[PDB]
């Protein structure tokens, strides 16, 4: 309302949860902050692959949101938005109720575009997903069924995927778990299928020796790897794969039987957001400026996977660059800062800063991680790390982030670089 702006955060994920806390902290008691999300629980998504192989469980990585945000004076509505009317500034929820906003911050993350590959939906066939805890649990269930009746395994990443690390991680921990159960020899074939132009390209033209290290990794586990692939369909428990060369010319088609599979899907924007006229690009990602403000609606901001970021390269099979946590948090920070500025008469000048990608993968005893920035080469930082210390770092960070999500954020969040001072 006038004099007392009502700010709505859509989506309680890696960007949205911090956003709700940071917004309430920035605005204070004279403004209503409302968090709206499709689930009543937060989940730490980097841990989903471990759930998918049975090394973690839901209770380890997920917790109900309501109590934690509400003790901070944030209103919480555990309902999916089905429609957004940007003219009236009304959000229609799944139950038919509608919520008005003065400012809207979209943090709705990815729509998992299984429809791109007919039959690839986890409820449609043997190719599963570890992108969410619901899917990871379903993946583990199918993994156990594999254990009862061993057959070919196929793991990898679809055309248009942008999040490749988890495919490599999952393949490695599946290989590892299989050996631990004394079952690895019962698997007739173990194949890795990716849209990357080469192993370890990772949607970012590689980082450090990611190519050499990931290639060696898969070879060590006896995993046969194919790049420049797209899957045209999953059908009759078979994966239909088309492989091209650099020039896009088909060099072979394959038909792979799949007893147990997991392919990272391509991401699009969620339908309620994509469905806002003039808001998004054709992929359904919010078109924003450097201040995280929508190009069309001055009072709509966005952060996280939901925003559109232009590609800097094009690969034989379409792939995308990932949007990762440190950069997501810089977007959230900018958006919060600039909404507050707006509320006080100014155009906020804060930006996301420099593009970067950071990822951590834990194989059990040892981890792998990378930092790349900026997006185009030659970079200012381009580093790949491996070792026990990396595993310890992931474990520590998960523990930290989950606690922060329960306790609340102020907060120039990454003061977790104080490990220097």
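Residue numbers count along the first chain shown, from 1.
ask   = Looking at the entry, does 155-163 or 123-131 show the higher mean C-alpha B-factor?
value = The entry gives the higher C-alpha B-factor average to 123-131.
key: Mean C-alpha temperature factor, higher of 288-296 and 324-332   = It is 288-296.
ask   = From 369, 51, 357, 352, can you pick the one with the highest C-alpha B factor in the entry?
value = Result of the comparison over 369, 51, 357, 352: 352.
query = With respect to the C-alpha temperature factors reported in the PDB entry, which of 208, 200, 282, 269 ranks highest?
reply = In the PDB entry, the greatest C-alpha B-factor among 208, 200, 282, 269 is found at 282.
query = Looking at the C-alpha B-factor of residue 30, is it in the lowest, middle or highest third of its chain?
reply = According to the entry, residue 30 has a C-alpha B-factor in the chain's highest third.
query = If you rank every modelled residue in this chain by C-alpha B factor, which third holds residue 396: lowest, middle or highest?
reply = For residue 396, whose C-alpha B-factor we compare with every modelled residue in the chain, the answer is the highest third.
task = Taking the chain's C-alpha temperature factors as the reference, tell me which third residue 58 falls into: lowest, middle or highest.
result = Highest third, going by the recorded CA B-factors of the chain.
message = By the recorded C-alpha temperature factor, relative to the other modelled residues in its chain, which third is residue 319 in?
response = It falls in the bottom third of the chain.
inquiry  = How does the C-alpha B factor of residue 225 compare with the rest of the chain: lowest, middle or highest third?
reply    = Within its chain, residue 225 is a lowest-third residue by C-alpha B-factor, going by the deposited values.
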